[PDB]
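**Q** My questions will all concern the structure given below.
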Amino acid sequence: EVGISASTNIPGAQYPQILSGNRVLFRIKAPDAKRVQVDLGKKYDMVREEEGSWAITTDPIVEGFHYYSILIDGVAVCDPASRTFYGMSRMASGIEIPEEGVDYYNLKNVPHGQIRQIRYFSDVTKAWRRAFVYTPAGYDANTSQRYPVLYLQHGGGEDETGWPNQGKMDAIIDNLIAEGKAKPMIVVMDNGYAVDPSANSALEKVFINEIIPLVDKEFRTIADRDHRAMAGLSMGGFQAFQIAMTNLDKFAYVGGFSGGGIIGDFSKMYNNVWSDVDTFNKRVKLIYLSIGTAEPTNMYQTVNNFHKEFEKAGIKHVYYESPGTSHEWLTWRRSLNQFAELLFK
Amino acid sequence: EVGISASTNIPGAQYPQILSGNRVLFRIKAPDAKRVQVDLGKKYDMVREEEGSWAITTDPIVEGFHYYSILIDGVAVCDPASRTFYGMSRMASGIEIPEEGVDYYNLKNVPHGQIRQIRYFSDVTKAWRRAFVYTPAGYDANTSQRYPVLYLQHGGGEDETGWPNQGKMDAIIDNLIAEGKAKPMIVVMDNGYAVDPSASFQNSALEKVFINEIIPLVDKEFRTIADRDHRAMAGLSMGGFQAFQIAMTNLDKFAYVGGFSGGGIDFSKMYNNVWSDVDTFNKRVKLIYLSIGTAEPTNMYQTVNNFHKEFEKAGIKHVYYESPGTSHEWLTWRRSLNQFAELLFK
Ligand SMILES: COC(=O)/C=C/c1ccc(O)c(OC)c1
Ligand SMILES: COC(=O)/C=C/c1ccc(O)c(OC)c1
Ligand SMILES: [Cl-]
């Protein structure tokens, strides 16, 4: 009958509510609509209730974060009751379905780092750009301390606000550091779209010639490959491998979360970076690949086949299959939690 | 005709387009909708094209920032083509109509500060809160320097993301500091709501959050000059009423106060008789600033104008600014911040 308002609700909005069994109760006032649906997992038709309102209770929804839409007369729009997130190439509603007994991505009373917005003009794209830079707890007070850096990228249809919002990255990293499971580190989150209008080679040039120099001159970093990592989800995973594998002198740790390498002579990929497997293994401290067990087959296969080629070649790596999750943010929160614990050790 | 895609459009979205005369062409794919409207100043009915997109060209829209909505069958929602902003008590679409020959809120090749997110847990509300804090360009370079602080508040139906987003505050402040028109300063932007933990513009709980939590936190975590001659509070609409309520009842902590389309409502006994003695009061306060758009709804315009008149009747020194041609909308507040910041800490 009555549940708990989702944590993604706008302040003051009672609905949607999460009921027992993780069913979700949606309501909306729409007296003149012909049809009202909610698309969460599948599409559900709402039914008319009192005072022009419509409502529906869904089937159980899998735990985690989900983009969703309300459909008015078949038009997919943001639910006025929920926060929005930049995903699926627009501002989309999202809903959080809590995991029982899991709290690593939740806020805790531990020392907190700070996410900073840094603006810069790109001479590659000829546009103003923006990075978000997480500094770990104590950064401002520990002026003699220098830190390793993780460059962390969002997926297709997302932007630089993804990891701070959908990814809950500050809680994940703050909590790992506070528990002694990860080293204090700076995390840099930029935009995976870069078009050079004078012509992804453009994104690589932005990272190598603009973002890395910006972070290394504005923050107290340990500016060497043994203290520099790159990872991303989906498209950002393909970009992390493209950029790191063609700039291996700058990175010793690389991660792809539901993304990474499009596979011919696999031994020649990235300009012969791993033509000699034993030498490549000596140069890289970590290669990490993950995928949800419930991802769409085409997305699962691309990443799994990359892993399979690494296994065949003897390229050392960590491979994680996230049980019960799909091409959605819980898979990526779990991946960051695992990956960050392995970094800079 | 030739149109310019608005800067608030999602990347890749051609519409909405700004046409000559600042008319706006809106378009949405909705083949099975019964009615599609756009609410921008007033409601316009859009008209369905053969293939199921609906379109309308508005009347000329006044320059500045505007919240807007698409209505499908009377349901107000976000336009899929635009960015969203927290305003009108939800996530709402916004559109930017550029001003000819004005660039103080645009990004320039000047030294840039940073806006950072700081989290803190409030004992008053028993909830996690967050502030956005602007630090000026040489903050990390000049560790022997400390800075004055402006506490800057959003309006009703908004939140702490308002000044960084709708308000373009980092461009405004970066540019003023770079040109030598404002002193280097820290700006703290928090949330104007403080809900009682047992729940299910005067707010004693919000005052306690600022006085007992936000100000001490900022003075401890940042290199501030922690005294009233280097502490200011201002806000727009609801936040302007809050700035006056909090500053006037904690005058030993603030010497500069601003209300942008806010501050208002006998008069001589307001804020526990703070201005009983006007001559002493004028010597205690270094700046009182009030602004209003000339085109604001009458109840809002007259509220601020009447507050100004009461100051004129009492002999209370202040700056009063009318923003020409703008209403109860963000361009009024960008102009107000630009003026107020130039006056601070002098
Ligand atoms: C969970 O959300 C976040 O972490 C936000 C971080 C953030 C930091 C600085 C900004 O100027 C900003 O602008 C909206 C956002
Ligand atoms: C700047 O003034 C404001 O923001 C609002 C003023 C205001 C005035 C009269 C009212 O009856 C009212 O409530 C409907 C509000
Ligand atoms: Cl208000």
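Chains B and A, in that order, give the protein sequences. Note that the first sequence covers residues 295 to 493, 508 to 571, 575 to 656 in the deposited numbering. Note that the second sequence covers residues 295 to 494, 506 to 570, 576 to 656 in the deposited numbering. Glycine included, C-beta positions come from ideal geometry on N, C-alpha and C.
Throw me the rounded Cβ distance for the A:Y631 and A:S601 pair, which I believe falls under 8 Å.
**A** For the purposes of this step, residue 631 of chain A is identified with residue 321 of the second sequence, where counting begins at 1. For the purposes of this step, residue 601 of chain A is identified with residue 291 of the second sequence, where counting begins at 1. That belief holds up - the Cβ atoms of A:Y631 and A:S601 are roughly 4 Å apart, short of 8 Å.
**Q** Please go through the segment 397-466 of chain A and give each complete beta strand (DSSP E) segment of 3 or more residues, from N-terminal end onward.
**A** Runs found: 408-416, 421-429, 443-447.
**Q** Here's a check: name, in chain order, each residue in its chain whose Cβ is nearer than 7 Å to the Cβ of B:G451, leaving out the five neighbours to either side.
**A** Residue numbering aside, residue 451 of chain B sits at position 157 when the first sequence is read from its first letter. Cβ within range, chain order: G381, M382, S383.
**Q** Please report whether the beta-carbon of residue 503 of chain A lies at a distance below 9 Å from any beta-carbon of chain B.
**A** Between 494 and 506 the numbering of chain A has a gap, and residue 503 of chain A falls inside it, with no coordinates.
**Q** Please compile the residues from chain A whose C-beta is within a distance smaller than 7 Å of the C-beta of B:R384.
**A** Within the first sequence, numbered from 1, the residue matching residue 384 of chain B stands at position 90. Under the 7 Å cutoff, chain A gives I304, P374.
**Q** Give a yes or no on whether the C-beta atoms belonging to A:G486 and A:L470 are separated by under 9 Å.
**A** The residue labelled residue 486 of chain A in the question sits at position 192 within the second sequence. The residue labelled residue 470 of chain A in the question sits at position 176 within the second sequence. Their beta carbons are not under 9 Å apart, which means A:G486 does not touch A:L470 by this criterion.
**Q** How do the segment 580-596 of chain B and the segment 629-648 of chain B stand: do at least 3 beta-carbon pairs fall below 8 Å, yes or no?
**A** Contact fails: fewer than three Cβ-Cβ distances are below 8 Å.
**Q** Just to make sure I have the definition right: I need the residues of chain B whose C-beta is within less than 7 Å of the C-beta of A:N648. Which are they?
**A** Stepping through the second sequence from its first residue, residue 648 of chain A is reached at position 338. By Cβ distance, chain B contributes nothing, its closest Cβ being about 18 Å from A:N648, past 7 Å.
**Q** Buried or exposed, going by whether 16 or more other CB atoms sit within 10 Å of the CB of B:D484?
**A** Residue mapping note: residue 484 of chain B aligns to position 190 of the first sequence, counting from 1. Buried, because 16 or more other Cβ atoms sit within 10 Å of the Cβ of B:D484.
**Q** Chain A partners of B:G368, CB-CB under 9 Å?
**A** The sequence position of residue 368 of chain B within the first sequence is 74, counting from 1. By Cβ distance, chain A contributes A324, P325, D326, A327.
**Q** Could you work out which residues of chain B lie near A:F415, taking near to mean beta carbons separated by less than 7 Å?
**A** To locate residue 415 of chain A, count along the second sequence from 1; it is residue 121. Per Cβ cutoff of 7 Å: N403.
**Q** Below 9 Å between beta carbons: does that hold for A:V332 and A:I364?
**A** Locating residue 332 of chain A in the second sequence gives position 38, counting from the first residue. Locating residue 364 of chain A in the second sequence gives position 70, counting from the first residue. In this structure, A:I364 lies closer than 9 Å to A:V332 by Cβ.
**Q** Can you round the beta-carbon distance between A:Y599 and A:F650 to whole angstroms, since I take them to be within the 8 Å contact cut?
**A** Counting from one through the second sequence, the residue named residue 599 of chain A turns up at place 289. Counting from one through the second sequence, the residue named residue 650 of chain A turns up at place 340. The pair is a contact, with the Cβ atoms about 5 Å apart (cut-off 8 Å).
**Q** If you reduce the DSSP assignment to three classes, tell me which class A:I298 lands in.
**A** Position 4 of the second sequence, counted from the first residue, corresponds to residue 298 of chain A. The answer is strand: DSSP assigns A:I298 an E or B state.
**Q** B:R424: which of B:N555, B:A548, B:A435, B:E454 sits nearest, CA to CA?
**A** What you label residue 424 of chain B is simply residue 130 of the first sequence in a count that begins at 1. It is B:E454.
**Q** Taking A:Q411 as the query, report the chain B residues whose CB atoms sit under 7 Å from its CB, ordered along the chain.
**A** If you number the second sequence from 1, residue 411 of chain A lands on position 117. Correct list: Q408, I409.
**Q** I'd like the span of the beta strand (DSSP E) that includes residue 661 of chain B, first residue to last.
**A** This structure cannot speak to residue 661 of chain B, because chain B is shown only from 295 to 656.
**Q** Any idea if A:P491 is buried or exposed, counting beta-carbon neighbours within 10 angstroms, 16 or more meaning buried?
**A** For the purposes of this step, residue 491 of chain A is taken as the residue at position 197 of the second sequence. A:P491 comes out exposed.
**Q** With C-beta atoms as the reference, is B:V330 less than 9 Å away from B:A324?
**A** Taking the first residue of the first sequence as position 1, residue 330 of chain B is located at position 36. Taking the first residue of the first sequence as position 1, residue 324 of chain B is located at position 30. The answer is yes: Cβ separation under 9 Å.
**Q** Which two residues bound the contiguous beta strand (DSSP E) that contains B:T378?
**A** Translated into the one-based positions of the first sequence, residue 378 of chain B becomes position 84. Start and end: 378-381.
**Q** Compute the minimum distance between the beta carbon of A:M543 and the heavy atoms of ligand 3, and state whether it is under 8 Å.
**A** The residue labelled residue 543 of chain A in the question sits at position 238 within the second sequence. Indeed, a heavy atom of ligand 3 lies less than 8 Å from the Cβ.
**Q** Considering Cα atoms alone, identify which of A:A431, A:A300, A:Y428, A:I551 is closest to A:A375.
**A** Taking the first residue of the second sequence as 1, we reach residue 375 of chain A at position 81. Residue A:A300 is the option with its Cα nearest to A:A375.
**Q** Can you give me the Cβ contacts of B:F577 inside the same chain, cut-off strictly under 6 Å, excluding the 5 residues immediately before and after it?
**A** Here residue 577 of chain B refers to the residue found at position 266 of the first sequence. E620, listed in sequence order.
**Q** Go through the segment 305-377 of chain A residue by residue and report every complete run of the alpha helix (DSSP H) that reaches 4 residues or more, in order.
**A** Counting whole runs of 4 or more residues, the segment 305-377 of chain A contains no alpha helix (DSSP H) stretch at all.
**Q** Residues of chain A with CB closer than 8 Å to the CB of B:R377, please, in chain order.
**A** For the purposes of this step, residue 377 of chain B is identified with residue 83 of the first sequence, where counting begins at 1. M385, listed in chain order.
**Q** When you compare only the Cα positions, how much space is there between B:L641 and B:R342?
**A** The count along the first sequence starts at 1 and reaches residue 641 of chain B at position 330. The count along the first sequence starts at 1 and reaches residue 342 of chain B at position 48. In a straight line, the C-alpha of B:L641 is about 33 Å away from that of B:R342.
**Q** State yes or no: is the C-beta of A:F426 nearer than 8 Å to some heavy atom of ligand 1?
**A** Here residue 426 of chain A corresponds to residue number 132 of the second sequence, with the count starting at 1. A:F426 Cβ: within cutoff of ligand 1.
**Q** Looking at C-alpha atoms only, which residue of B:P521, B:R536, B:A307, B:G569 is the closest neighbour of B:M543?
**A** The count along the first sequence starts at 1 and reaches residue 543 of chain B at position 235. Ranking B:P521, B:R536, B:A307, B:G569 by Cα distance to B:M543 puts B:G569 first.
**Q** Would you call the CB atoms of A:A548 and A:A539 closer than 9 Å?
**A** Translated into the one-based positions of the second sequence, residue 548 of chain A becomes position 243. Translated into the one-based positions of the second sequence, residue 539 of chain A becomes position 234. Yes; because the gap between Cβ atoms is below 9 Å, this pair is in contact.
**Q** Given this structure, state the Cα-to-Cα distance separating A:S416 from B:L541, to the nearest angstrom.
**A** Residue numbering aside, residue 416 of chain A sits at position 122 when the second sequence is read from its first letter. Residue numbering aside, residue 541 of chain B sits at position 233 when the first sequence is read from its first letter. Their backbone Cα atoms lie some 34 Å apart in a straight line.
**Q** Just tell me which of A:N616, A:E393, A:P607, A:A552 has its CA closest to the CA of A:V595.
**A** As a position in the second sequence, residue 595 of chain A is number 285, starting the count at 1. Nearest of A:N616, A:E393, A:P607, A:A552 to A:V595, Cα basis: A:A552.
**Q** According to DSSP, which residues form a beta bridge with B:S586?
**A** Position 275 of the first sequence, counted from the first residue, corresponds to residue 586 of chain B. Answer is none; B:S586 lacks a bridge partner.
**Q** Is there a Cβ from chain A that is less than 9 Å from the Cβ of B:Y487?
**A** Working through the first sequence from its first residue, we reach residue 487 of chain B at position 193. Answer yes: the Cβ-Cβ gap between B:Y487 and chain A drops below 9 Å somewhere.
**Q** Closest by CA to B:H360, which one among B:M463, B:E345, B:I391, B:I366?
**A** As a first step, residue 360 of chain B is located in the first sequence; it is residue number 66 there, counting from the start. Among B:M463, B:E345, B:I391, B:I366, the Cα nearest to that of B:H360 belongs to B:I391.
**Q** For the putative contact between A:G407 and A:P430, defined by C-beta atoms under 8 Å, what is the C-beta separation to the nearest angstrom?
**A** Within the second sequence, residue 407 of chain A is the residue found at index 113, counting from 1. Within the second sequence, residue 430 of chain A is the residue found at index 136, counting from 1. Their Cβ separation, rounded to whole angstroms, is 4 Å, which keeps A:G407 and A:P430 in contact under 8 Å.
**Q** Return the chain-ordered list of same chain residues with a C-beta closer than 7 Å to the C-beta of B:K475, the five sequence neighbours on each side being excluded.
**A** In the first sequence, residue 475 of chain B corresponds to position 181, counting from 1. Result list for B:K475: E652, in chain order.
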